[PDB]
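In the order they appear, the protein sequences are chains F and D.
Just so you know, we're using the deposited numbering here: the first sequence kicks off at 92 and counts up by one.
Just so you know, we're using the deposited numbering here: the second sequence kicks off at 171 and counts up by one.
Everything below concerns the one structure shown next.
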Amino acid sequence: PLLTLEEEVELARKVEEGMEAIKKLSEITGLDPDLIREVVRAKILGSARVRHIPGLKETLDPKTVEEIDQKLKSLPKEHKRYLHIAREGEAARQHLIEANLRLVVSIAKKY
Amino acid sequence: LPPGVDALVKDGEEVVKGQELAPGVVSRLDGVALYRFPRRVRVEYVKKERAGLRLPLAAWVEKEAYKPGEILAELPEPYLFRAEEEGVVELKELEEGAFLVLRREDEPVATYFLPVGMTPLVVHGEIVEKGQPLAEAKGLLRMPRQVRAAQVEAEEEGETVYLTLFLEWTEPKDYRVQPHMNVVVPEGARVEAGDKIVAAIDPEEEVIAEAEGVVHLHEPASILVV
DNA sequence: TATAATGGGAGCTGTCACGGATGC
DNA sequence: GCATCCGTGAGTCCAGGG
């Protein structure tokens, strides 16, 4: 169903803040923001969709996503706060796309 | 949820299939209800003060403390509660009952408590001299439902008692939430001075907590039963 | 790169035997 | 099982083509 202004703003906000959280998690852990984004995405989506990424220097394999998820889960509460932020952001991202699929159709019927 | 009409249920609690969620909403399924977009946030700020009242000694029901609604005295005839200070009147009428505060210059000089049954005979901002009637108590006067009398000290003098009540109550302040704002505080949480309640795009539109209190959420945009 | 925009169009017509697939 | 309701691929030879 179609987003209300409130649901729209909420999801967009969650996306922005999850991206900021990935940046903060890169600052803390010294990992690669892309690697972190991919691991958070791998857990939000599921192992149903867990493939390799062309930019990542390390093959994204369940083993490596589990290792990185564990390195993340071992952080102090005030740091591990950003992991929950990022997971919330990815879920919002999926939901925001899915909610706006109809606008693409209404534009593409003209080309 | 239609505009303005409030929820018949509260955020966090389980509900039954078919159990109505609002005057025009019935839940097809069982589970935990959840609030979507609270459009009014009411904060009950907690106030603990000391106040006084003079009563005939015969009409007084001596107790060490008074719970709300409880009878505090019974007067056989009308009785005029009179001021024991000169000052300017500050009348704060709660849901039930009132507080008079007389103030001289920029300093408070007396704090009187009128429980239920006492009709205040003065208007806010009024000048009063000692002995003039501030309020009239008919009888069966009792505590309001919203305020409680923690401790009660008494002084006998002539044919009267002067009660020094350590009262504790809450005063509500509402806030209207706009669609571009998000409540960052859960239902029933305890804020201090300076704690943010609702965030907004620009800081001058934020909702920061004046004093201590609890948070209550009203009129959600919609309700999500999960 | 920023007003806002949220579910599509096209059909289309004078055959026939046969193997497999659906209703009785 | 016993019928009916379907999909599907098929239809001489040559030539030229606009």
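For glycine and all other residues, C-beta sits at the position ideal for the given N, C-alpha and C.
Span of the beta strand (DSSP E), counted from its first residue to its last, around residue i
i              : result
residue 388(D) : 383-390
residue 332(D) : 330-346
residue 259(D) : 257-263
residue 125(D) : A query on residue 125(D) cannot be resolved here, the shown segment of chain D reaching from 171 to 396 and no further.
residue 249(D) : 249-252
Simplified DSSP assignment, three categories, for residue i
i              : result
residue 237(D) : coil
residue 357(D) : coil
residue 180(F) : helix
residue 42(F)  : Here chain F covers residues 92 to 202 and nothing more, so residue 42(F) does not appear.
residue 173(F) : helix
residue 140(F) : helix
residue 326(D) : strand
Residue i to residue j span [Cα, whole Å]
i              : j              : result
residue 354(D) : residue 220(D) : 34 Å
residue 365(D) : residue 343(D) : 15 Å
residue 374(D) : residue 226(D) : 52 Å
residue 173(D) : residue 96(F)  : 15 Å
residue 280(D) : residue 272(D) : 5 Å
residue 197(D) : residue 293(D) : 49 Å
residue 114(F) : residue 106(F) : 13 Å
residue 179(D) : residue 384(D) : 18 Å
residue 240(D) : residue 303(D) : 25 Å
residue 179(F) : residue 316(D) : 40 Å
residue 215(D) : residue 223(D) : 24 Å
residue 173(F) : residue 367(D) : 20 Å
residue 176(F) : residue 197(F) : 33 Å
residue 218(D) : residue 278(D) : 16 Å
residue 300(D) : residue 270(D) : 14 Å
residue 160(F) : residue 175(D) : 45 Å
residue 184(D) : residue 171(D) : 18 Å
residue 359(D) : residue 210(D) : 16 Å
residue 108(F) : residue 189(D) : 37 Å
residue 200(D) : residue 184(F) : 28 Å
residue 341(D) : residue 259(D) : 20 Å
residue 200(F) : residue 347(D) : 39 Å
residue 261(D) : residue 164(F) : 56 Å
residue 266(D) : residue 207(D) : 31 Å
residue 169(F) : residue 351(D) : 24 Å
residue 308(D) : residue 229(D) : 11 Å
residue 150(F) : residue 205(D) : 42 Å
residue 283(D) : residue 255(D) : 14 Å
Limits of the unbroken alpha helix (DSSP H) element including residue i
i              : result
residue 162(F) : 153-164
residue 198(F) : 192-199
residue 126(F) : 124-136
residue 106(F) : 96-120
Distance cut-off 7 Å: residue i Cβ against heavy atoms of the ligand FAD
i              : result
residue 215(D) : Questions concerning the ligand FAD fall outside what the structure shown contains, since it holds no ligand whatsoever.
> Can you list, in chain order, the residues of the region 148-177 of chain F whose Cβ is nearer than 7 Å to any Cβ on chain D?
Replying inline: none
>> Residues of the region 206-227 of chain D in Cβ contact with chain F at a cutoff of 8 Å, in chain order, please.
In response: 206 and 207
> In the region 275-322 of chain D, which residue ranges form an unbroken beta strand (DSSP E) of at least 3 residues, counting only runs that do not cross its ends?
Replying inline: 277-284, 286-290 and 303-312
> When Cβ atoms are compared, which residues of the region 339-364 of chain D fall closer than 8 Å to chain F?
Replying inline: 349, 350 and 352
>> Tell me which residues of the region 370-396 of chain D have at least one Cβ-Cβ distance to chain F shorter than 7 Å, keeping chain order.
In response: 391
>> Runs of 3 residues minimum, wholly inside the region 175-226 of chain D: which ones carry the beta strand (DSSP E) assignment?
In response: 190-192 and 208-226
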